[PDB]
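Any read-out appearing in this document is the output of simple, stated calculations on the displayed coordinates, not a laboratory observation. Don't worry about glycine lacking a Cβ; one is built from the backbone with ideal geometry, like all the others, and counts go over all protein chains shown.
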2 protein chains.
Amino acid sequence: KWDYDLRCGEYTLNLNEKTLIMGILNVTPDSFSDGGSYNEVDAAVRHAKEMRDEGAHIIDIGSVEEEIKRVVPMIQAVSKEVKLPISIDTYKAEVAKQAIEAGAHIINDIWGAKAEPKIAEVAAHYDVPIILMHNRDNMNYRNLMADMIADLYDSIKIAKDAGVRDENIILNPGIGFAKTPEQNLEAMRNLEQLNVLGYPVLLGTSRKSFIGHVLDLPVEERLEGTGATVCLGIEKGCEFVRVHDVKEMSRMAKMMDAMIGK
Amino acid sequence: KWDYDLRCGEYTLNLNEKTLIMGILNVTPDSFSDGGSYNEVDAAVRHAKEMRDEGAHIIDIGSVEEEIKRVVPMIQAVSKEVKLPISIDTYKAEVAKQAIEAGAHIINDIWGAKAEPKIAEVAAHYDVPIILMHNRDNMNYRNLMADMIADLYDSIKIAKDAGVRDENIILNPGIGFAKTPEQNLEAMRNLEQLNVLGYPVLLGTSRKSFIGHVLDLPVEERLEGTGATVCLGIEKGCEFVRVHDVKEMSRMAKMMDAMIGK
């Protein structure tokens, strides 16, 4: 039902066999450096390794000058030591450029090319997939779903104008951003609508406020709630989920896949 | 959307506010008695209490002569010490009679009145809700879903003929019974069809072989897989889930409910 694969330079991701798991890398920085140090980069490599062991298919790694000094070294190490595609979690054009240069395969923009349109040009240039997330600096919606789909389309426009191929575009409803708890639930309820745009969807709900708002539970107690959102997401056609708890979420996805027939 | 409530003598269960959780009681018997002993009944009371604390709305308690001697004492204790409705998990008419006499509120038949039709008469008599599960002594299906719906309807017929009111009937697809792993998945995939019959559905997939078959994981490692089935089940309209891991499953249900708008 996807007539193509995701091309990620060295690695290739099939969109039909299974829900693809993107693991969120623990990024705890050192307080005694401006980036690159041994505890920093080593703790990140061991985390990537752990996530790779537990079922992850992608490792997600997230002022401007410092951001490069911190993130670049982590990409060099992980790409060497863990054979998995890497996404850079930035919205900044300059940051994205460095990260791909450093070895990152996918861009993960939380502003869907709206914060720094030049990022699209970076993406088209290096010919890497880009995840466009719904976002906005206000919460005033006429019709939440209709508006989201409009807003995302404004991102696709920017991406395509810059020269990004349809096949390198992935969408993200941006659950947990610019949405009240009730709005987040509504988007969850209506996720399948994003499918009409005809692009792979990545869901990213891992331990967010709205899960806490529902269950009344702090961040470290949101594995079950996250799981529910992952399940409903997969049912509604998501090609990727972005999660912290890779072992557990990887098992729920696999079971979902078997049931829905993916 | 349900224009009525479940009447359970002392307790009343609303079918619209939330997915109702039925907790599976640990029933470990004593090897030095034929039923009733202190370690037996006390370990069961503490388990019911634990499940009541973790979010359960119902406690499920499961030759003929001995079955009564073992199960009756557990119902007397739990109904006294835990203020929750109780279901007796039997298919035997004589057993069901005793259990309701002992204080059980709901019947949970794994043969949908087909093993002992008299059980329907017991249910109509005491005017208690009855859960009719799909089951059969063979695995030869022409059309799995079509056949299940036929078979269940043969149960409803028996129940109604015996005098059971429509409002005291609950259905159960019987996942994990008389079905190959692939058939179990198929039923999971097509669960919403059971809705056309117009009765509340209870799902009972807690840690079964097919979850293990998919994930390749032993019984004690099936919480995530169980969770996936609970999520998909709730999405497909289930009013109840029957589970071991009450704390976790209760949280996933609650989150599902918020998302689907229940």
Which pairs do you get when a residue that is under 16 Å from A:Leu84 (Cβ atoms), found in segment A:19-40, comes within reach of a residue that is basic (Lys, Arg) and in a strand (DSSP E or B), reach meaning Cβ atoms under 9 angstrom, with the pair 6+ apart or on two chains?
A:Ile21/A:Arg242; A:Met22/A:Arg242; A:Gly23/A:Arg242; A:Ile24/A:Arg242
Failed item, numbered, when B:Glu10 is tested on (1) over 20 Å from B:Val201 (Cα atoms); (2) surrounded by 15 or more Cβ atoms within 10 Å (Cβ to Cβ):
(2)
List every residue pair whose Cβ atoms lie under 6 Å apart, where the two residues are 6 or more positions apart in sequence or sit on different chains, the first residue falls within segment B:145-163 and is at negative phi, and the second residue, located anywhere, is part of a helix (DSSP H, G or I).
B:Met145/B:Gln193; B:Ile158/B:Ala120; B:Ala159/B:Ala120; B:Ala162/B:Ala120; B:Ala162/B:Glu121; B:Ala162/B:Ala124
When only residues in segment B:176-217 that are farther than 14 Å from A:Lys254 by Cα and aromatic (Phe, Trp, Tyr) count, which is nearest to the other protein chains (Cβ to nearest Cβ)?
B:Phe177
Can you spot a residue in segment A:100-112 that is assigned to a helix (DSSP H, G or I) and either more than 17 Å from A:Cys8 (Cα to Cα) or of a type outside the set (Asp, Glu) (or both)?
yes
Given the conditions (1) in contact with a strand residue (DSSP E or B) (Cβ under 8 Å, 6 or more places away or on another chain); (2) away from chain B (no Cβ under 14 Å), which single one is not true for A:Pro173?
(2)
Can you tell me which residue within segment A:219-251, out of those that are part of a helix (DSSP H, G or I) and of a type in the set (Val, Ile, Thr), is surrounded by the fewest Cβ atoms within 10 Å (Cβ to Cβ)?
A:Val219
Going residue by residue through segment B:202-211, is there one that turns out to be at positive phi and buried (at least 17 other Cβ atoms within 10 Å of the Cβ)?
yes
Examine segment A:219-228 for a residue that is more than 10 Å from chain B (Cβ to nearest Cβ) and within 18 Å of B:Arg251 (Cβ to Cβ), and state whether such a residue exists.
yes
What's the number of the condition B:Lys118 fails, among (1) surrounded by fewer than 23 Cβ atoms within 10 Å (Cβ to Cβ); (2) within 19 Å of the chain's Cα centre (by Cα)?
(2)
Among the numbered conditions (1) within 20 Å of the chain's Cα centre (by Cα); (2) exposed (fewer than 12 other Cβ atoms within 10 Å of the Cβ), tell me where B:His47 comes up short.
(2)
Checking B:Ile68 against (1) within 17 Å of the chain's Cα centre (by Cα); (2) more than 24 Å from B:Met249 (Cβ to Cβ), only one condition comes out false. Which one?
(1)
Flag for A:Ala258 being crowded, with 21+ Cβ neighbours inside 10 Å and either within 13 Å of chain B (Cβ to nearest Cβ) or over 20 Å from A:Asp3 (Cα atoms) (or both)
yes
Out of the residues in segment B:128-159 that are in contact with a strand residue (DSSP E or B) (Cβ under 8 Å, 6 or more places away or on another chain) and not aliphatic (A, V, I, L, M), state the one that is surrounded by the most Cβ atoms within 10 Å (Cβ to Cβ).
B:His134
